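Each chain, letter by letter, is given below.
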Amino acid sequence: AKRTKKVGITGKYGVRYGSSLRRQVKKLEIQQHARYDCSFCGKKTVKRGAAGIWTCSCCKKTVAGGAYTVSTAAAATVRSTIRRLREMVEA
Amino acid sequence: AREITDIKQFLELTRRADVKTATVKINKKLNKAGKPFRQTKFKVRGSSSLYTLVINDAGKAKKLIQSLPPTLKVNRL
Amino acid sequence: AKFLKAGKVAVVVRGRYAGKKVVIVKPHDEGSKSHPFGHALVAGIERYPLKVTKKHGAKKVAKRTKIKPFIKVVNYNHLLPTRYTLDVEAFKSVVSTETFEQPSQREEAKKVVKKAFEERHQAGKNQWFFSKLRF
Amino acid sequence: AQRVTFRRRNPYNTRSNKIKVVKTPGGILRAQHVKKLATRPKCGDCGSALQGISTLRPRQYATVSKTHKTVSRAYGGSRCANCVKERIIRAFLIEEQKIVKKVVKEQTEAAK
Amino acid sequence: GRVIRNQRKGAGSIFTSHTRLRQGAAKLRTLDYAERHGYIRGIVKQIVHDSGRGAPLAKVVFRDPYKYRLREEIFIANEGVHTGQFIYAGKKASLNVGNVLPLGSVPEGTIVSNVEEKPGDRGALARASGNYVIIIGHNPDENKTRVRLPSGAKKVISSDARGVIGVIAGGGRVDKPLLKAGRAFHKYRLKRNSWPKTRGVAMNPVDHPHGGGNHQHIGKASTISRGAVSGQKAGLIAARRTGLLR
RNA sequence: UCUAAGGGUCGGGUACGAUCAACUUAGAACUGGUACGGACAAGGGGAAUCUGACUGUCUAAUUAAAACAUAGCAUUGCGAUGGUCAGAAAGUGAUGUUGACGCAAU
RNA sequence: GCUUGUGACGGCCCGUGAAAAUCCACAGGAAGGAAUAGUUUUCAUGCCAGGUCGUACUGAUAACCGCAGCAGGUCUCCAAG
RNA sequence: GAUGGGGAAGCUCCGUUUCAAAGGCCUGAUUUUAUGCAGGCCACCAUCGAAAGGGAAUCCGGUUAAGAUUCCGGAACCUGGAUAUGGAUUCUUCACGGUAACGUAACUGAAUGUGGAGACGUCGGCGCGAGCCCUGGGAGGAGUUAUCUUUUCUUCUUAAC
C-alpha cells in the first residue's frame, strides 16, 4: 500500500504552496528524517535533533554535521584536503 | 501518631519522664469471620508524639493495666 | 597460561572498594557450592597511608602510615588482573574460606594481614601496591 | 455533584497551585493543595537517574539521614557505578601505557 | 515629514536582539602563554543548539593553567566534531578538524573557519554555517597571510591570528524552501524585530521616500548616492550596476 | 419480538466444562391513518467570467476589499580602521551574546 | 465513561522551548582525637523561641469602569442525571 | 538604577563592572588578655525589579449576629538555637554486610574543586491512579398505593502526618 504517488512526505502540505516548492522540500525532508549509520557504535541510530546536531541514541555520541544531512558535500572534501595537507608536512 | 508492637517497649515510654498522661480505649470488634472480642488500646502521650499499643487478646490486657506506673495519670475510655 | 594466581595483584572495579588494589590469595577457578562462578579470595588495603615527608618526625609518621586492610570473596569479572605481584606466603593460611563463616575469624585475620602490609611499607618493596589509585 | 474551591488566594491554575480532591472525615469533598513532584538525582556523567538515592525536593535533603543520599561505593551519590567502572579502567590503563611511553623516551636517547 | 522605518532602528527600542535562549557569546580562547608557546588540550563536553544562530555550538572544557579548576568555553562547532573529542589549541598543535592553530602554522590550501582578524579578538571571519576561508599563501617576512574570505574577497591578515580547522556545521541550511509565513515568523522571533517588511511603495509620502501617488511606483531613481544623508537613503544604495545578471 | 457475531476469569497425569461482565455491528418476522434525524439540532446545489495563489492582517465608532502581509524571485551596500542608524555632548549607543548560508536597504 | 494528576513512548521545528537564590552529594585530605579510657547533635529521645503588615464583603442584569441602581466592558478554578 | 569615572552654561545625560588602591573571611599563633601578629585564602565587587514564575514547614472536627487552613479541641511538621540521656564507634583509632546492582538506626572531614536539584515547548494516542458517575446484597429514615411496583428518593463517611 503505497498510498500517494508523487508527493510522499509532503502530502502533509496538501494542495498549497506550488508543486516545485513542495517537491524541492521533499528532497530535503527525506534527508533530515532519515536514519543513518553511526560511525562509532556500528549501528544506525543517528537522527537529527536540530539544525547542525546529529545524535546517536546508541553510543550517545553527538556529532556535528550538515543542516539537513549528516555529512555536507563540501565537508567531506575538507577532511580529505585536511588529511592530505597533514601528510604533506609529516611525509 | 506512632505505634508500638512489643509489650516491653511500651513499658519503657511510660517511665520515659516526658510522659505525663496516658489513656485506655476499649473497642468492641470481631475477628476472622464469625465471632467478636474486646480490643483495647493504650495511648501514651509524649512531647512530640503519641504512641499506642493494641492488645487483641484480653488475657494480656489486664496484666498490663495494673503494671502501669503510679505517677502516670491515666484517663480510661 | 593462567595469570590469575596466588601473588597476582588486581584492582577492584566493583563495589564499595572500587578503585582499591588487592592480591589474589586463594583462587577457586571453577566451582563451589555457593558462588557458582569463578571467584578469587583476595586481600587488599582499604585505607592508604598518607603522604609521609622529611618534615614529619616523631609520632606523625606512625599515624600517617596506618593501613586498614580487608579480605573479600570477589568475582573475576570485578577484578582487573595486572602484571604486578606480591610475595603472599605470609598470610596464605590466614586468608581462607574457613576464615569467612565465623565473622569473628575475619577480624582475627585482618591482624595477620594488617601486620604483613605495614611491614612491607617499610623496606619499600611493592612501592606501587601502597599508593592510592586515582580516578 | 459536589464542587470545591481553592483554599488559597491564588485563583489561577499555575504550576505551584495544583489541587487534589479529598473526602474528609466530615463527609465533604474538599480540595487539597499538592506540592510539585520530586525529580530523581542524575549521574553527572551518563545522565541516567542514579539509583539508591531518595527522590525529594532540594531542601528536603537537609532533613534526611546520609544513607538515603549516598551509596557506599567511591563516588557514591554522584556517578552511576558504570561511570565509575570506566574511570577506574581508564585511570589504570592510561597510566599503564603512560609508563611504557617513558621507557621509550629513555631508549630513544640511547638508540639514536 | 515623518521619521522613516530604517531611521527608527537606531534608537534600538523594540529592535534590539532577542537574547534569552542564547548559550553565550561564541568565542575562541584568550591568547596566553600555553597556547602561543605550545598547545593545551580540552575535550568537547556536548555539542548543542544555540538560539538565533544557524550553526551549533560546542562546549570544550580546558584546564586553567595558573589555578586549580576547569574552564569551559563556547566554540562554534566545526563539522565533524563529536562529544568525547580532544580539541588541541596552540602554536604546536596538529592539523586536524577542530584544532585551533595560528594561520602561519598551516600550509596553503588549508580550510579553516572562525578565523581572527587580528590576533586575540577571539574570532571574526567565517562564523556562519557552512562557511570557510582557504589559506592561499604566506608572507613569512613582515609576517602576513593571504586568505580568501567566504564572499570571495581576498584579505591579508597577521600570521599570529588563530583559526580553527574545517567547515562550520549547519551546511545546507538555506536549501530548503521556507514555504509559509509562519516558519519565517518563528525565525525572526529569536533574532530581532525586522519582520514582516512593508514595501515603502505602499505607504504615504510621510512614511517613506517611495510613498504617495495615484499609482504605486517610485518616481525617481532607486539607486541612492553613498554621499546621501540620514533618511534619504532607501533603495539600492550606491550601486555600481543593477539589474539581473547575465 | 427474536437470531448472529464479537471478551474474561478458571482446574487438566510428565480435546471440552463453568461462571462473570460489557455497548457494538449486521440480519429477519411482525406492526401502524406511509409515520419514524417525528420536538430540538441541522450544507441548497450546478455551468462559467473578472480578480487576489493560499492561512493571516487593517481604517476601534460609515469602507474587510481586488488594498497591506506572505512564501518564492531578484537586485543592492558591507570583511569591522566596516555597512545601515542614533546622540546636544561623551572615556556614547542599537544591529551585535553579530561575521557573508550574516546584517542592513529596496 | 467524565474531570484532573502522573509515567513511559511518539510527532513537530532554518522554532529545540528562562534565570537566580537555596539545598545536597561527591573528589580531596587540612587537621583533630582510642587503652583505665576519647568522640559523635546528618541515629533516637528530650529542652527553648518562632517577630512585622495583609486577612471582613461584592467580584457584578444595583458594591469595579462607563456622569447612574447603564442590556456595555472585565482574568480565573470546581462542574450532577 | 546609584558608585568610580566621562559629558553638559545647567536642569541632568551616558553607563552597570565599567580604564578603580572598590573587601571580610577562615582559623593557627595567646593561655600576661584577649585577639596581636600569623600562612593561606575567595575576586562573584550596590541596589531595585513577580501577592500568576522559584520557594522551609498544617491537617481534621467544632465554633460566630458578622472572623477562621488564624479561634477551640485534638493530631502533626519546619526552622534557628542550646545543651543532656540511651544506642552506636574506638585497642585493626575514624562501622560492617552482599560476587555485584547495593544494603543499614548511627558509622570523623577544613581550604578547594566538580556533579545533581531548583530547571522548564507542544501535540498525539497508550498505561496507571484519585474524586465524580453508574450500580448489586444488607442495615435504617421519608414519599406513593383506586390497582400494579422484593418499589422510588436519602444516610452508611475517613484529613495532614
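Listed as the method for this PDB entry is cryo-EM; the listed resolution is 3.07 Å.

With the PDB entry as reference, chain D is termed 60S ribosomal protein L34-A, source organism Saccharomyces cerevisiae. Here the entry title, as the record gives it, is "Structural snapshot of cytoplasmic pre-60S ribosomal particles bound with Nmd3, Lsg1, Tif6 and Reh1". Recorded in UniProt for chain D, the comment headed Subcellular location runs: "Cytoplasm". Chain D has a UniProt comment under Sequence similarities that states "Belongs to the eukaryotic ribosomal protein eL34 family."

The name recorded for chain C in the PDB entry is 60S ribosomal protein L27-A, from Saccharomyces cerevisiae. What UniProt states about chain C under its Sequence similarities heading is, verbatim, "Belongs to the eukaryotic ribosomal protein eL27 family."

A. Spotlight on the overall build of chain D. Broken down by element type, chain D carries 1 helix and 2 strands. Sequence-ordered secondary structure for chain D, helices as α and strands as β, is β-β-α. A globule of 112 residues ought to have a C-alpha radius of gyration of about 13 Å, yet chain D, at 27 Å, is considerably larger. Seen along its three principal axes, the alpha-carbon backbone of chain D occupies a region of about 95 × 30 × 25 Å. Long-range contacts, defined here as pairs at least 24 residues apart, represent 26% of the contacts in chain D between residues at least 6 apart.

B. Up close: the packing of aromatic side chains. Scanning all chains against the criterion turns up 15 aromatic pairs over all chains. When the ring of C:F117 is compared with that of C:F130, the centres are 6.4 Å apart and the planes differ by 65°; the resulting orientation is edge-to-face. Within this pair, whereas C:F117 is found in helix α3 (residues 111-121), its partner C:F130 is found in the segment after α3, the two being separated by 13 residues in sequence. Measuring from ring centre to ring centre gives 6.4 Å for E:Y188 and E:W195, while their planes differ by 0°; the resulting arrangement is stacked. An aromatic cluster is built from C:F91, C:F117, C:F129 and C:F130, whose rings are joined through pairwise contacts. Taking the ring centre of D:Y75 as reference, the NZ or CZ of D:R87 above it sits at 4.8 Å.

C. Summary view of helix α1 (residues 19-32) of chain A. All names here are of chain A. Taking 1.5 Å of rise per residue, 14 residues should cover 20 Å, and α1 covers 20 Å from first to last C-alpha, within 8% of that figure. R22, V25, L28, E29 and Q32 are the residues of α1 that are buried. Those residues of α1 that are buried lie in contact with β1 (47-50) and β2 (53-55).

D. Highlighting the protein's contact with RNA strand H. For RNA strand H, the set of nearby residues contains 64 residues, the closest of which are B:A1, C:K68, D:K35, D:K36 and D:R57. Counting only atoms of RNA strand H within 4 Å of the protein, the fraction found in sugar and phosphate groups is 78%. With respect to RNA strand H, the backbone of B:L50 contributes an N or O atom lying 2.8 Å from a phosphate oxygen. Taking C:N75, its main chain carries an N or O atom lying 3.3 Å from a sugar or linking oxygen of RNA strand H. Elements that contribute at least two residues to the surface near RNA strand H include exactly β4 (68-75), α2 (104-109) and α3 of chain C together with β1 (19-23) and β2 (29-33) of chain D. The class makeup of the residues in the surface near RNA strand H is 16 nonpolar, 22 polar and 26 charged.

E. Highlighting the interface of chain D and chain C. Facing 13 residues of chain D, the contacting portion of chain C comprises 16 residues. Here chain D and chain C share an interface that buries about 1300 Å² over both sides, 69% of which is from carbon and sulfur atoms. Applying the counting rule to chain D against chain C returns 1 salt bridge. With a closest N to O distance of 3.0 Å, D:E96 and C:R83 form a salt bridge.

F. Inspection of the pattern of salt bridges at higher detail. Under the defined criterion, the tally for this structure stands at 17 salt bridges over all chains. The residue C:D29 makes a salt bridge to C:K2 at a minimum N-O spacing of 2.2 Å. In this pair, C:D29 is assigned in the loop between β2 (21-28) and β3 (39-47) and C:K2 in the segment before β1 (8-12), connecting sequence segments 27 residues apart. Put simply, C:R120 and C:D87 hold a salt bridge, and the shortest N to O gap is 3.6 Å. Of the two residues, C:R120 is situated in helix α3 and C:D87 in the loop between β5 (79-85) and α2; the sequence distance between them amounts to 33 residues. Judged by its relative accessible area of 13%, C:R120 falls in the buried class. Linked by salt bridges that have partners in common, E:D64, E:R71, E:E73 and E:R122 make up one network.

G. Up close: the pairing of strand β7 (residues 133-139) of chain E. In the sheet, strand β6 (residues 111-113) of chain E pairs with β7(E) via 2 bridges, with the strands oriented antiparallel. What sits directly across from E:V112, in β7(E), is E:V133.

H. Looking closely at the sheet that holds β1(C). All names here are of chain C. Spatial strand order, β4-β3-β2-β1-β5: 5 strands in an open sheet with antiparallel pairing. This sheet does not close on itself; its edge strands, each paired only once, are β4 and β5. Ignoring strand direction, the axes of neighbouring strands in this sheet form an average angle of 40°. Bridge count for β1 against β5 is 4 bridges, and the pairing is antiparallel.

I. Local environment of the interface of chain E and chain A. At the interface, 34 residues of chain E touch 34 residues of chain A. Taken over both partners, the interface formed by chain E and chain A buries close to 2700 Å², and the fraction arising from carbon and sulfur atoms is 67%. A per-residue breakdown of the area chain E buries against chain A is headed by E:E79, E:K176 and E:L179, which together make up 24% of the total. The tally of links between chain E and chain A comes to 1 salt bridge. The closest approach of N and O atoms between E:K176 and A:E29, which form a salt bridge, is 3.0 Å. At the boundary of chain E and chain A, one finds 10 residue pairs in polar contact. Here the residues of the side of chain E that touches chain A are counted per class, giving 14 nonpolar, 13 polar and 7 charged.

J. Highlighting the sheet that holds strand β3 (residues 62-64) of chain A. Residue and element names in this part refer to chain A. Taken in spatial order, the 3 strands of this open sheet run β1-β2-β3, and their pairing is antiparallel. Sheet topology places β1 and β3 at the edges, where each strand pairs with a single neighbour. Neighbouring strand axes in the sheet, compared pairwise and without regard to direction, differ in orientation by 35° on average.

K. Just the pairing of strand β8 (residues 144-148) of chain E, in detail. Residues and elements named next belong to chain E. On β8, burial follows the alternation: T145 and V147 on one face are buried, whereas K144, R146 and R148 on the facing-out side are not. As judged from the 5 bridges shared by β7 and β8, these two strands associate in the antiparallel manner. Bridge pairing in β8 places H138 opposite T145. Both β8 and strand β9 (residues 154-157) contribute to a ladder of 4 bridges, which runs antiparallel. Bridging across to β9, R148 finds its partner in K154.

The rules we used
Residues numbered from 1 in each chain as written, not as in the entry; some residues may be left out. Chains lettered and ligands numbered in written order. Part of a larger assembly, values for the part shown. Heavy atoms only, no water. Residues with missing side-chain atoms left out of burial classes, pairs and counts. UniProt positions renumbered as here; feature names shortened; annotations may be inferred. Helix = DSSP H or I, 4+ residues; strand = E, 2+ residues; numbered from the N terminus. Rg over C-alpha atoms; globule rule 2.2 N^0.38 Å. Contact = heavy atoms within 4.5 Å. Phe/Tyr/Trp six-rings, centres within 6.5 Å; stacked < 30°, edge-to-face > 60°. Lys NZ or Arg CZ within 6 Å of the ring centre and 35° of its normal. Expected span 1.5 Å × (residues − 1). Buried < 20%, exposed > 50% of the residue type's maximum accessible area, 1.4 Å probe, protein only. Near = heavy atom within 4 Å. Polar contact = N/O pair within 3.5 Å; in protein donor to acceptor, adjacent residues only side chain to side chain. Nonpolar A, V, L, I, M, F, W, Y, C, P; charged D, E, K, R; others polar. Buried area = accessible area lost by both parts, 1.4 Å probe. Salt bridge = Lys/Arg side-chain N within 4 Å of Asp/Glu carboxyl O. Pairing = 2+ DSSP bridges. Axes fitted to C-alpha atoms, helices over the stretch in contact; angles between N-to-C directions.

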